[PDB]
Every structure is written in structure tokens, then in C-alpha cells.
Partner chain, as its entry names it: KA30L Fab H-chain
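This document opens with one chain alone, in C-alpha cells, the form deposited without the partner chain.
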């Protein structure tokens, strides 16, 4: 089979995980999507000449059983860590997601991309500099996105694939 990349989108409720995923997969902005629905979505794409499958889990937070969270973190190859640029708590929550994924995977080297979503809004509490400082500290890319306008969306997901590739080559 062509290569499949198992991607996981994490972040506080309301940051735009579902909107980002639907924009990536379907090329539409869906502005209302039940915050409690967690599902996976698939898309066949070409990234840097490679035809591959993206298998993307749009997470929604607590699970019936914590074992289910641990399972998707172990299975997942790369993580989009999403905050919203107008929600400081969502940015602070990134520290927890970074930790928890590393902890479950028992790894110091987990492909991740920091994503600051809702960049179409002038209303902003997290400046680009602050997010760059966090991404620098993690040694990962940082991309500002808008699920609404599609700015940065392919970049976020494709950059995460490229980070998975760099991890694999070791």
C-alpha cells in the first residue's frame, strides 16, 4: 500500500481542530461542528511528489477510558498541537499536550507542529513572538493558520508529514 501517515490533532476545546481538519480534507469551512465528536478522516494527497494517505484523528478531549487516549497517542505518528491566537488558556494548555504525548509514547522525539489558529481575527492575546518562543523551546515548527480562509492549513499538515519523515530516517 502507499504510505499512510497517522496524524493526530490535539488542543483545547474551541481552538478549531475540527474546522482545520475539515478544511484540509474537504476544502470547506464548517463553522459549527459539535465540540464533543471525535473521529478520524482520510485523504489521499501528493506531498513533495509522494502519493500518500493522511489518516487524521480530530480529537475531542477526555475519552470513555484513559486507555483510549493512550492508544491513539501511541498509534499516532505526529501531532498538531493547536491553540487559538485569541485564547491564552488554549496556549497555556499546549504545555500539557506536549508533556502528555511524550509521556505516553515514552519518547523525547515525537513529531509535532505548533499551530496558532484563527489568524483571520485581529483580536489576539497570543503574539507571534510568544508562540515562536515556545516552538523554539520545543525544537518544532510553528505555523499560524486560519481554518476560515484556509491560510496555512496545507502547510500545517504537510509540515507535520515532513517532520514524521525526518524522524523515520534516523
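Residue numbers count along the first chain shown, from 1.
As for the form solved in complex with the partner chain, it is not shown, yet the points below apply to it.
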**Prompt:** Non-hydrogen atoms within 4.5 angstroms of the partner chain in the deposited bound form: do 120, 125 and 131 all have one?
**Reply:** no
**Prompt:** Any chance residue 28 has a heavy atom within 4.5 Å of the partner chain in the deposited bound form?
**Reply:** yes
**Item:** Heavy atom of residue 142 within 4.5 Å of the partner chain in the deposited bound form
**Value:** no
**Request:** Check whether residue 48 has any heavy atom within 4.5 Å of a heavy atom of the partner chain in the deposited bound form, and answer yes or no.
**Result:** no
**Complete:** When the partner chain is considered in the deposited bound form, the residues of 29-43 having a heavy atom within 4.5 Å of it are 29, 30, 31, 32, 33, 34, 35, 37, 39, 41
